[PDB]
Amino acid sequence: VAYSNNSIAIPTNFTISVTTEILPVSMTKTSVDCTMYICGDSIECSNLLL
Amino acid sequence: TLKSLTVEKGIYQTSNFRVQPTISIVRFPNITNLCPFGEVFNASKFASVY
Ligand SMILES: *[C@@H]1O[C@H](CO)[C@@H](O[C@@H]2O[C@H](CO)[C@@H](O)[C@H](O)[C@H]2NC(C)=O)[C@H](O)[C@H]1NC(C)=O
């Protein structure tokens, strides 16, 4: 920057700029069946899971 | 699922508590001859351990 005690710079023109800002609002909602994942629909399993 | 007698207002996803399979099927290849247990166990002579 050129700096002086008696010097200033003043804009004689302007520019209009449009910019995009992206913010995540939500994430996928998920539900898990505990017996289906661990027992895999086994009758013998889930007796232990009680 | 809630382990409580009283239930409030909610969507309340629920774990399955119903029976589906009532039929049992066995599929095995066609084998008619019995295993030769008599040759394997009831043998006049047996090999030396070495
Ligand atoms: C400020 O800038 C704008 C452009 O960014 C200038 O407008 C231009 O003027 C020239 C003629 O001098 C034209 O040929 C261009 O087509 C114009 N641009 C647009 C987008 O219209 C404007 O003259 C400038 N103002 C000053 C004070 O210089």
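The figures here come from the full heavy-atom set of this structure, side chains too, leaving out hydrogens, waters and symmetry mates. A, B, ... follow the sequence lines: proteins, then strands. Residue 1 opens every chain. Just so you know, ligand 1 is whichever comes first in the structure, and atom 1 is the first atom listed for that ligand.
What you find for A:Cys39 and A:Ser46 is that their closest heavy atoms are SG-N, 3.1 Å. Closest non-hydrogen pair, B:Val7 versus B:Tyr12, comes out as CG1-CE1, 3.5 Å. For the residue pair B:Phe17 and B:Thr1, the shortest heavy atom distance occurs at CE1-OG1, 4.1 Å.
Taken together through direct or relayed side-chain contacts under 4.5 Å among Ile, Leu, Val, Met, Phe, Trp and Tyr, B:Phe46 and B:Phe41 form parts of separate hydrophobic clusters.
Under a 3.5 Å cut-off, the side chain of A:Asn47 and the backbone N or O of A:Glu44 do form a donor-acceptor pair.
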Determine, stepwise, if the pair A:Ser17 / A:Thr19 fulfils side chain to side chain contact (heavy atoms under 4.5 Å, CB included).
CA-CA 6 Å; A:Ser17 173; A:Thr19 56; 3.8 Å; yes
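At a 4.0 Å heavy-atom cut-off, the residues surrounding ligand 1 are A:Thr12, A:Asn13, listed by chain and number.
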